[PDB]
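One chain is shown next in structure tokens, namely the form deposited in one PDB entry.
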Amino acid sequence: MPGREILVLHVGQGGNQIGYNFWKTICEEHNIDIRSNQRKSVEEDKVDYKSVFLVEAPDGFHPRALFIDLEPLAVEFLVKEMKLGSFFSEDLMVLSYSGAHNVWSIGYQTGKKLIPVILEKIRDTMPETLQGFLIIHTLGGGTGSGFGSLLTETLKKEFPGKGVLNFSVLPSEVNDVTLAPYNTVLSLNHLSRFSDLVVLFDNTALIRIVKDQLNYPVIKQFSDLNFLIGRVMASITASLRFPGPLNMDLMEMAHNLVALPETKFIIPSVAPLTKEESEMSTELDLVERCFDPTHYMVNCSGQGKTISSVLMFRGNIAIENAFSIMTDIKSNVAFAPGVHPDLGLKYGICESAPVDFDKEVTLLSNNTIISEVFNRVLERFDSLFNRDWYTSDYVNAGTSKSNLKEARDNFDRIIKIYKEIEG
């Protein structure tokens, strides 16, 4: 039955490198071989809804995706190294020849030139019942940040009534791009206006999880980091793709999360991280891990105060435990002062476990501690802007110093909304 289809837009180096892990997970969950485009078997094919992310053509399955960058190397090198040539196919690529040089404004203005072709591919490919778009991107560079922002604006304006969700990577605690505060503030200002829900990650938190929860001995490629983002993307959409007692769609989760129109910035977490612990944990233990800052995929100093939350239970779930632990969650986790004791929780329950695991819980948290995360971004921004450092090539590409300032001040207003709710 037509409907509920999603189109995924990958933007810049990080956004497309993350794409590899996402589509690899999606294919595996649906018993599809990403190298052949085919089901691995009829016998292991499951009752599912492949069409949420996958297009079934006579020849096989393809991603409902666009692979977008202003320079070609990250995508081409990725496609060759991972042998994705028949899945990340050429008609799905929108690649130019010179990057944005880590400047948001260059990503935004150069990206305008490619909007016609992107809109044409969208209207050429998508079904009428498309429910919305996911935009995958980093905020610290210039293409994912500026072109990603432009895409968020363009899609929301071109397709009112469809969802626009962003999966957005914040810079690490010490930034690895000195321009990142400018790019991050400009991006979050744009997404605050045009996105319906912004799910955030940062690399400090992701490395900590991989090193301390998975105990990987070394991280040699971003694939050994991005898999965590793929996992969050796949699990929160699982009840759209597999049977379950209690399903939920994109705007349903946003509606439950967004208490005030500006509070749309979400911290995700998942538990457990391994197959062995999924066999040896309870629903209570997994939820408590999700609410613990060790499992937050944004680097936070503490639990903060939860305004609202979405919990996806996947796999071999005792429904009576899922409900019975609700009072323990409301008692043991700090919620914002205005949250009623009986509120702040939204449940999805899906019978399909992630690959190899017995069960898994994913948490999306609308948490006041994002004000601390954003304040630290703002402090970095101010240390540059107050000295007029690095502003020249924003100005040359159409972002005036006044524009930088208004983006900063609107960013500050969102921070203050979260801090006021915190109490």
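Quick note: we count residues from 1 along the sequence shown, nothing fancier. Just so we're on the same page, rigid core means the largest C-alpha set that superposes within 1.5 Å between forms.
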Going by the B-factors listed in the PDB entry, is the mean over the C-alpha atoms higher for 339-347 or for 216-224?
-> 216-224
Can you tell me which stretch has the higher mean Cα B-factor, 152-160 or 133-141?
-> 152-160
Say you rank 251, 93, 297, 191 by Cα B-factor from the PDB entry; which sits at the top?
-> 93
Could you check 201, 313, 97, 265 and tell me which one carries the biggest Cα B-factor in the deposited entry?
-> 97
According to the PDB entry, is the CA B factor of residue 397 in the bottom, middle or top third of its chain, that is, lowest, middle or highest?
-> middle
Comparing against every modelled residue in the chain, figure out the third that the C-alpha B-factor of residue 56 lands in (lowest, middle or highest).
-> middle
Sorting the chain's CA B-factors, does residue 118 end up in the lowest, middle or highest third?
-> highest
Lowest, middle or highest third - CA B-factor, residue 355 | highest
If you rank the chain by CA B-factor, which third does residue 62 end up in: lowest, middle or highest?
-> lowest
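The same protein also has a form deposited in another entry, omitted here; what follows describes it.
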Which one of 153, 262, 285, 71, by Cα shift of 2 Å or more between the shown form and the other one, core superposed = 285
Shift of residue 235 between the shown form and the other one at or above 2 Å (CA, core fit) = yes
Taking the rigid core as reference, does residue 111 move its C-alpha 2 Å or further between the shown form and the other one?
-> no
For residue 226, is the CA shift between the shown form and the other one at least 2 Å following rigid-core superposition?
-> yes
Shorter or longer C-alpha distance for residue 45 and residue 85 in the other entry, given it differs from this form by 3 Å or more?
-> farther
In the other entry the CA atoms of residue 170 and residue 239, compared with here and shifted by at least 3 Å, lie closer
